[PDB]
Amino acid sequence: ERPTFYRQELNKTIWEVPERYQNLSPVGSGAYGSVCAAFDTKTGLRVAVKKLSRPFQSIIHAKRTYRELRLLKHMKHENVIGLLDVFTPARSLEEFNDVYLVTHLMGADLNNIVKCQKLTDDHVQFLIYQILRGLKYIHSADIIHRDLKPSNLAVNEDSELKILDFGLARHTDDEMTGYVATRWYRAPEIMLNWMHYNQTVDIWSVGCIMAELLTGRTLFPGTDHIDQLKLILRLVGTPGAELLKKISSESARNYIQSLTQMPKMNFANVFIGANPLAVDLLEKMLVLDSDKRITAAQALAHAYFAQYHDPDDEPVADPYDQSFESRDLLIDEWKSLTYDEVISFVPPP
Ligand SMILES: O=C1c2ccccc2C(=O)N1CCCN(c1ccc(=O)n(-c2ccccc2Cl)n1)c1ccc(F)cc1Cl
């Protein structure tokens, strides 16, 4: 039941897709890869389509292609980007050399829309509520986003949100250097590799994002790793004895101890005028010791989200098997695994 495909060239790139997809038009000019907006005549849905070209040029790329396909296929939740379709014009494994990923078209990211703007409390409630609802789902699958930031939150005109880029963290050191948003939303334990981190790193990011929506200002806009750590500790206090022991990195621990101790600041005096429940939630997300941060499941039940919370409509996911991460396979083996995942795709109900 292979559909009929047609070809067209968009900004020097050939797109060969099923007839059901019409009105293809480029988006982003290429800064984020080959992406097009389109209309899915079969479902009546506006869609975003990403074409991965030569996804098997090396072991590293082949494995990355497999990883992204596996992650996207696993996610089926309103607040997480997932797959409406995935296809290849190839008729066999031999000619298989391109992968197209189809998702809901959102059309904008939170950073591009609200940067530098203070949002109303009810708007922050709605936006953070959806982020946490999607995070609860992602975390229940044993997946860590690792790089949550405004630019990774796809939003439409009605402020509906879907989380992008979960589980794909390949930021170069240079990209994390200096006065950059690539590092401002990172939990300290991961920014400076203090210990083996876990899903709690994402809650810190949500805290950074929430504070910024409430104030219109980046919470920890460090000029570099060290400056940023100082900005963080000035707000949440230097590490106590209990947390110091959890820092398994001897070098990191020794550096932290060289700093003058500081107490946690009063958040009501930092976030002046904010809803007391938002201040309380921020204090519960922005805890230095990750073991003590509120989890996404617990935060959804927090009073701040009383107007949105519904325990019968905050679904969890099936467990995600990432055992493949520990394997070293050849390009062709990764490619065959990817091909299997493409041909076994089953459209959403
Ligand atoms: O990650 C970004 C981003 C962030 C901010 C601004 C623009 C962009 C962008 O083009 N990308 C790359 C595309 C990221 N993807 C999606 C999906 C839906 C979606 O509305 N957008 C999207 C986000 C912001 C501006 C335009 C678009 Cl079209 N992006 C995406 C994810 C997974 C998949 F399988 C296919 C696709 Cl097409």
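Residues numbered from 1 in each chain as written, not as in the entry; some residues may be left out. Heavy atoms only, no water. Residues with missing side-chain atoms left out of burial classes, pairs and counts.

Header annotation of the entry names X-ray crystallography as the structure determination method and lists the resolution as 2.00 Å.

Visitor: Hey, could you run me through the sheet that holds strand β8 (residues 108-109) in this one?
Guide: Sheet strands associate in pairs through backbone hydrogen bonding, adopting either a parallel or an antiparallel arrangement. The antiparallel open sheet is built from 3 strands, whose spatial order is β8-β9-β10. Lying at the two open borders of the sheet, with one neighbouring strand each, are β8 and β10 (161-163). Note that β8 and strand β9 (residues 153-155) share 2 bridges and pair antiparallel. Note on β9: the bridge partner recorded for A108 is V155. (Pairing = 2+ DSSP bridges. Helix = DSSP H or I, 4+ residues; strand = E, 2+ residues; numbered from the N terminus.)

Visitor: Help me understand the nonpolar core, please; the structure alone is not making it clear to me.
Guide: In globular proteins that are soluble, nonpolar side chains generally tend to be buried together. Core analysis: the largest hydrophobic core is formed by 89 residues, its most contacted members being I128 and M210. If you tally residues by element for this core, the top one is helix α6 (residues 200-215), at 10 residues. Residues lining this core come from more than one domain, with at least three contributed by each of domain 1 (2-107 + 317-346) and domain 2 (108-316). Counting residues in hydrophobic clusters, the runner-up holds 14 residues, among them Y21, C36, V49 and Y100. (Core = buried A, V, L, I, M, F, W, Y, C linked by side-chain atoms within 4.5 Å. Buried < 20%, exposed > 50% of the residue type's maximum accessible area, 1.4 Å probe, protein only. Domains from an automatic or database assignment.)

Visitor: How should the site of the ligand be read in this particular structure?
Guide: Taken together, 18 residues surround the ligand, and among them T103, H104, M106, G107 and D109 come closest. At a separation of 2.6 Å, an oxygen atom of the ligand approaches a polar backbone atom of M106. A distance of 3.0 Å separates an oxygen atom of the ligand from a polar atom in the backbone of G107. Within the complex, the protein chains bury 90% of what would otherwise be the 670 Å² of accessible surface of the ligand. Counting only elements with at least two residues in the shell around the ligand, the list comes to β5 (45-53), β7 (98-104) and β8. Grouping the amino acids of the shell around the ligand by side-chain chemistry returns 12 nonpolar, 4 polar and 2 charged. The residue makeup of the shell around the ligand includes at least three contributed by each of domain 1 (2-107 + 317-346) and domain 2 (108-316). (Near = heavy atom within 4 Å. Polar contact = N/O pair within 3.5 Å; in protein donor to acceptor, adjacent residues only side chain to side chain. Areas by Shrake-Rupley, 256 points an atom, 1.4 Å probe, with all protein chains shown as cover. Nonpolar A, V, L, I, M, F, W, Y, C, P; charged D, E, K, R; others polar.)

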